[PDB]
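Q: okay, here's the opening piece of the assembly, coordinates as they are in the complex:
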Amino acid sequence: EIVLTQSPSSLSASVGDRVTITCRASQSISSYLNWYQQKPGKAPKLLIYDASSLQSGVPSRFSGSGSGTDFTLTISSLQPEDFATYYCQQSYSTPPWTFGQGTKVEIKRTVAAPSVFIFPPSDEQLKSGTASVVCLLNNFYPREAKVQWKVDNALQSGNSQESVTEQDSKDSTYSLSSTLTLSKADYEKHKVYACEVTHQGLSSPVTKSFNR
């Protein structure tokens, strides 16, 4: 077998900038490597085949080049349609056809502070014996953000789940949801529930609180 390693695993570039992704093989595979583009949810598409050949229909801004064990795909002018993950795959020693781990290209924009909202558990679910407190971070950049739960000023751990959306197609912002789940009785044993957000766009961590 042959192990392929992409670099970097993720990157952040702006429109028109030249982007460069490298793919390293554990042994020489001549020029028997190809590139694939995959958008979230959609199927992969062929871009470059045999190191440095442009597939028909693919714009000329893409260009692959390499020889031996180290190959490189370059985008001369990044475009908004290029926000996708890029995979390198060798086809020298087959089977098996080995893929790369993927390089997600991210479109960069301006720092934006998240809009923080808190949602207490509805009575409908409180009747079912489970309480789910939701904390929503709307439209922020960059993706790094720390969400901390506090029940009567006590930091929570291991009872919350986070979900993050992909970069928005319109404004290139992220959105995050943190769900804290407790039993009904244990929910009734406390009063203050707070969501604390630490983000680069915020001068200080912001807290959204509510009493039961």
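A: Yep, that arrived. Numbering: from 1, shown residues only, chains lettered A, B, ... in the order given.
Q: Distance check, residue A:195 against residue A:146.
A: To residue A:146, residue A:195 is 11 Å away according to Cβ to Cβ, to the nearest Å. Placement of C-beta: from N, CA and C, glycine included.
Q: neighbour-wise, which of these two wins?
A: residue A:195 (25 against 9; other Cβ atoms under 10 Å).
Q: secondary structure element for the nearest residue to the more buried one once chain neighbours are set aside?
A: Leaving aside its chain neighbours, residue A:195 sits nearest to residue A:135 (3.7 Å; criterion: Cβ to Cβ, 6 or more residues apart in numbering). Assigned by DSSP states H and E, residue A:135 falls within strand A:130-140.
Q: so what secondary structure elements neighbour that strand?
A: Judged by 3 or more Cβ pairs under 8 Å, 6 or more residues apart in numbering; DSSP states H and E, the packing partners of strand A:130-140 are strand A:115-119, strand A:145-151, strand A:174-183, helix A:184-188, strand A:192-199.
Q: Can you list the helices and strands that the longest one packs against?
A: Read it as strand A:174-183. strand A:130-140, strand A:145-151, strand A:160-164.
Q: export those to CSV and tack on distance to residue A:62?
A: Shown next, in CSV, are these (distance: least, Cβ to Cβ, whole Å):
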stretch, distance to residue A:62
strand A:130-140, 31
strand A:145-151, 33
strand A:160-164, 28
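Q: Of those strands, which is nearest residue A:97?
A: strand A:160-164 (30.9 Å; Cβ to Cβ).
Q: Out of the helices and strands packed on strand A:130-140, which gets nearest to residue A:50?
A: Taking the helices and strands packed on strand A:130-140 one by one with Cβ to Cβ, strand A:174-183 is closest: 37.0 Å.
Q: And the closest one, what's buried?
A: A:174, A:175, A:176, A:177, A:178, A:180, A:182 (16 or more other Cβ atoms under 10 Å).
Q: Same check on stretch A:147-167?
A: Residues A:147, A:148, A:149, A:151, A:156, A:160, A:167 are the ones in stretch A:147-167 that count as buried (16+ other Cβ under 10 Å).
Q: For chain A, list the residue farthest from the centre, please.
A: residue A:189 (36.8 Å; Cα atoms, centre = their mean).
Q: Show me how chain A divides into domains.
A: Following curated CATH domains, one finds the domains of chain A at A:4-107, A:115-211.
Q: Nearest residue to the middle of chain A?
A: residue A:166 (5.9 Å).
Q: That residue against residue A:84, yeah?
A: No: checked against Cβ atoms under 8 Å, the pair residue A:166 and residue A:84 is beyond contact range at 10.3 Å.
Q: Kindly incorporate the sequence below as chain B:
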Amino acid sequence: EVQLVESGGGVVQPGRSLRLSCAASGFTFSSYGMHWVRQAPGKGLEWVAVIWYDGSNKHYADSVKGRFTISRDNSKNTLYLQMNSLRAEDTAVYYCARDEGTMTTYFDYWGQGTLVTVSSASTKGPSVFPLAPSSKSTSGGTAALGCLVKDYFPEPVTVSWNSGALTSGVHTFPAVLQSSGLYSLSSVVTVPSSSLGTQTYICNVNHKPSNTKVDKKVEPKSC
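A: Okay, here's chain B dropped in alongside the others:
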């Protein structure tokens, strides 16, 4: 021109079997080798199997060699993959791909894929709960509301607003897998405070594997 349409994905419990098909259109099927390649949500791309032209010494992959079975049919222009004794780690979106090259092999054309979820859990409809907008209705201040779609299996759930009439400002978070083995998801939407008194806000949640269609109205908070 070149089109590959997959079919057969769904729910499988561990140990059982499932057959997938891939219908091709737009090329001479008997002259190209075919590939089956899976992608586990969260992971990257993984090659599974390949069949020659016409069907001959099919090449598999390890952790699959004795379990799956790839075949084809040039008459119906169809490629088949029969998975046997499916394990939990086989849950993935499966794609069929074509071969090309003098020597070498690259996948020039792919299909949209098909989802296969393998778990011992039971197909269950989701519980939809409202996340009501805050009663502090300022003058502009965009407020947020939404729906918590909890405890369902398997993926996916389709969430729309006002029967698909509200798109701006809608964020449906990717589903998360809970410790109980069921999925949870949250769909939020930001609206002007002015609209809270005027606009009826209803989330439409559709779960096809359990045939559960729920129209839950999210209303402002009472007193």
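Q: Could you re-examine what packs on strand A:130-140 with chain B now present?
A: Applying 3 or more Cβ pairs under 8 Å, 6 or more residues apart in numbering or on different chains; DSSP states H and E, one finds that strand A:130-140 makes contact with strand A:115-119, strand A:145-151, strand A:174-183, helix A:184-188, strand A:192-199, strand B:143-152, strand B:183-191.
Q: how deep is residue 196 tucked in, by neighbour count?
A: Picking chain A for this. By the criterion of other Cβ atoms under 10 Å in any protein chain shown, residue A:196 has 17 neighbours.
Q: Correction: the question concerned chain B.
A: 19.
Q: Just to be sure, it is in a helix?
A: Yes: assigned with DSSP: H, G, I helix; E, B strand; the rest coil, residue B:196 falls within a helix.
Q: which residue sits closest to it in space, ignoring its chain neighbours?
A: residue B:220 (5.0 Å; Cβ to Cβ, 6 or more residues apart in numbering or on different chains).
Q: dump the residue contacts of that neighbour.
A: For residue B:220, the contact set (Cβ atoms under 8 Å, 6 or more residues apart in numbering or on different chains) comprises B:132, B:133, B:135, B:137, B:196, B:197.
Q: One more pass at 7 Å, please.
A: Taking Cβ atoms under 7 Å, 6 or more residues apart in numbering or on different chains as the contact definition, residue B:220 lies against B:132, B:133, B:135, B:196.
Q: So which of those is the closest to chain A?
A: Chain A lies nearest to residue B:132 out of the contacts of residue B:220, by Cβ to the nearest Cβ, at 7.0 Å.
Q: wait, doesn't that closest one sit right on residue B:144?
A: No: with contacts counted by Cβ atoms under 7 Å, residue B:132 stays clear of residue B:144, the gap being 9.9 Å.
Q: Is there a neighbour count for residue 73? I'd like the number.
A: Since you didn't name a chain, this refers to chain A. With other Cβ under 10 Å as criterion, residue A:73 counts 26.
Q: please go with chain B instead
A: 12.
Q: Show the backbone phi and psi for it.
A: In terms of degrees, to the nearest 10, the main-chain angles of residue B:73 are phi -150, psi 110.
Q: Quick one: name the residues of chain B near chain A.
A: Chain B comes close to chain A at residues B:44-47, B:50, B:59, B:61, B:95, B:104-108, B:110-113, B:129-132, B:144, B:148, B:150, B:171, B:173-174, B:176, B:184, B:186, B:188, B:190, as judged by Cβ under 7 Å from any Cβ of the partner chain.
Q: and with 6 Å instead?
A: Contacts of chain B with chain A, taken as Cβ under 6 Å from any Cβ of the partner chain, map to B:44-45, B:47, B:59, B:61, B:104-106, B:108, B:110, B:112-113, B:129-131, B:144, B:171, B:173-174, B:176, B:186, B:188, B:190.
Q: Taking the residues you listed, please make a PyMOL selection of just the buried ones.
A: Entered in PyMOL, the line below selects the buried ones among the residues of chain B next to chain A, by 16 or more other Cβ atoms under 10 Å in any protein chain shown:
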select buried, chain B and resi 45+47+59+61+104+105+106+108+110+113+129+130+131+144+171+173+174+186+188+190
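Q: ok, now chain C:
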Amino acid sequence: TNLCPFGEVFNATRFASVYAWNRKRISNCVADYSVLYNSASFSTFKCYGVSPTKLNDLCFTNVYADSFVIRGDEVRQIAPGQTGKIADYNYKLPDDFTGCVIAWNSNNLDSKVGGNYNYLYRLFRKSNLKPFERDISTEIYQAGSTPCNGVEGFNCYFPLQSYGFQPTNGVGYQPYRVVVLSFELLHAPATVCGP
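A: With chain C added, the chains above now look like this:
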């Protein structure tokens, strides 16, 4: 008609030792590799350079077929670039290799009660073997300062060693039959082709 003698190489009754691997040339025929890898278990089929899915629709100048017998764990050494006892002192594949490697377990054929010790392998050599080099010399290896003088003893050993293929062995040590196809595309009317 005029099909290449692939049957008399793979299904041959008795294989050759890995140190004295047997090379059979294939030319002036049509090749149908669909009668080669019968899937099965533990059987390995790795094509380095040329993809397998197009082997039946390609034309080559010559096809050399090397044949030998090793053990289970030494199957992976039969590959371009790898190193090891077999890859260094027995059978070496070039870095620009353009061919395929087939291997299958033959425990029911090359093993017998009491042990089949007819298969040998070279253990020591003064230097690594170059690609496609065959060494059948039975000269005493000299690991010390004194000349061995045709006999072995202190720092003097025999270069050949018996495998020891018993039907009760482990999969890693059961005898495996290996056939390496090397495809050569020179500058002449290409004789070997496929459907």
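Q: can you check the buried residues of strand A:174-183 again with chain C included?
A: Quick answer for strand A:174-183 (16+ other Cβ under 10 Å): A:174, A:175, A:176, A:177, A:178, A:179, A:180, A:181, A:182.
Q: Grab the nearest non-local neighbour of residue B:180.
A: Spatial nearest neighbour of residue B:180, excluding adjacent residues (Cβ to Cβ, 6+ apart): residue B:151 at 7.4 Å.
Q: my guess is the one you found meets residue B:127, correct?
A: Yes: between residue B:151 and residue B:127 there is a contact under Cβ atoms under 6 Å: 5.4 Å.
Q: Comparing those two, which residue is more hemmed in?
A: Neighbours were counted for residue B:151 and for residue B:127 using other Cβ under 10 Å; residue B:127 has more, 20 against 17.
Q: That one against residue B:148, yeah?
A: No: judged on Cβ under 6 Å, residue B:127 makes no contact with residue B:148 at a distance of 8.2 Å.
Q: Please list all residues in contact with the residue lying closest to residue C:53 once chain neighbours are set aside.
A: Among residues not flanking residue C:53 along the chain, residue B:33 sits closest, at 3.7 Å (Cβ to Cβ, 6+ apart). Applying Cβ atoms under 6 Å, 6 or more residues apart in numbering or on different chains to residue B:33 gives the contacts B:52, B:53, B:99, C:53.
Q: out of the residues you listed, which one sits closest to residue C:5?
A: residue B:52 (21.8 Å).
Q: which residues are in contact with the strand holding residue A:135?
A: Applying Cβ under 6 Å, 6+ apart, the contact partners of strand A:130-140 are A:112, A:114-119, A:121, A:173-182, A:184, A:187, A:193, A:195, B:131, B:144, B:188, B:190.
Q: swap in stretch B:67-82?
A: Defining contact as Cβ under 6 Å, 6+ apart, one finds that stretch B:67-82 is touched by B:19-24, B:29-30, B:34, B:36, B:49, B:51, B:55, B:58, B:83-85, B:96.
Q: Tell me the buried residues within those residues.
A: With neighbours counted by 16+ other Cβ under 10 Å, the contacts of stretch B:67-82 contain buried members at B:20-24, B:29, B:34, B:36, B:49, B:51, B:55, B:58, B:83, B:96.
Q: from the residues you listed, which two are the most distant?
A: B:29 and B:83 (22.1 Å).
Q: How are the helices of chain A distributed by residue range?
A: For chain A, helices defined by DSSP state H occupy the ranges A:123-126, A:184-188.
Q: same for the last one, what does it pack against?
A: In terms of contacts (3 or more Cβ pairs under 6 Å, 6 or more residues apart in numbering or on different chains; DSSP states H and E), helix A:184-188 is packed against no helix or strand at all.
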